[PDB]
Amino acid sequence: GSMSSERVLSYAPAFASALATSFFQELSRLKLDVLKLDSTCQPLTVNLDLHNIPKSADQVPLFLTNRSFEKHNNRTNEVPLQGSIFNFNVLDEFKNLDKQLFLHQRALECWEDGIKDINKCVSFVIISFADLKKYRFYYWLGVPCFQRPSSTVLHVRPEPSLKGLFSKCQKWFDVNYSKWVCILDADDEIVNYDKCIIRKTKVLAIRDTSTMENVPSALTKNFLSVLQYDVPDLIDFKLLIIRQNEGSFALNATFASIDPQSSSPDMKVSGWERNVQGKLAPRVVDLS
């Protein structure tokens, strides 16, 4: 870099799983109904509380309970997040499943959704195996985060002149609880993402799930991948990372490729949650 404070943007895991015993109790009750199946995929809903993230956290917790299996129809200050649980009834299959291929398939659905509506490119998946005899549960949270093209990086530096917008973005996100992104229109009004407007105005704000200083959620990758698809000629733009704490920040951003011989493109996918030891592997819970 040549500009002071120019850096490549780096990311933090989008969510941290927090499974209550009730989640496993419900999983067990429901598994009893599908013993004849090799595997099942059931939708889940979690409610994110981005206003009350514990100071000890690096990102918003994903609170899974018995209620996560239910259809949610109506909660005070919260963002509904849809996902699913893939339960495998054969432990060997759970173990042997190619996890990168699986997460890549999930990311492809998020991508397909996102290029129609950028607000629909976020999801989570839990894979599980439940030993009902031992009451031991293996699980692994994946959050499909995709970088397409794989070789694009984002160079950024601070843009504090835009800090005034943070309060308005926070409020807009509060009201529009189904939305992950907003933009400025040509007259600096905050409005829903529109790929024809952003091509002109070049200011995008994202509802961030990270609390790490100057390090946005990996979900940012998803939104930026959709942005590149929507506006291929966009190189320089402003990016606001909006948080409900005091940690929002604004960036003067520039797309660049680290591979001059890249096509136009590969999709890099990541997002499996590290376990307690920090390894990329499932978590296991003994509830006996």
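Residue numbers here begin at 1 and follow the sequence given.
- The deposited sequence places no unmodelled residues between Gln277 and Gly278, so the chain runs continuously there.
- Counting the deposited residues that fall between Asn74 and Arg75 and carry no coordinates gives a value of 1 to 3.
- As recorded in the PDB entry, 126-134 is the stretch of 126-134 and 199-207 with the greater mean C-alpha temperature factor.
- Look at the mean CA B-factor for 59-67 and for 234-242 in the entry; the higher one is 59-67.
- Ranking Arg157, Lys116, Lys95, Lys168 by Cα temperature factor from the entry places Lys95 first.
- Note on the listed residues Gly83, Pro144, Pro149, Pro216: the highest Cα temperature factor in the record is that of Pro149.
- In this PDB entry, the Cα temperature factor of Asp174 sits in the top third of its chain's modelled residues, the highest group.
- Among the modelled residues of its chain, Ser161 has a C-alpha B-factor that falls in the highest third according to the deposited record.
- In the PDB entry, a CA B factor belonging to the middle third of its chain's modelled residues is recorded for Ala281.
- In the PDB entry, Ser22 places in the highest third of its chain by CA B-factor.
- When the modelled residues of the chain are ordered by their C-alpha B factor, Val79 lands in the highest third.
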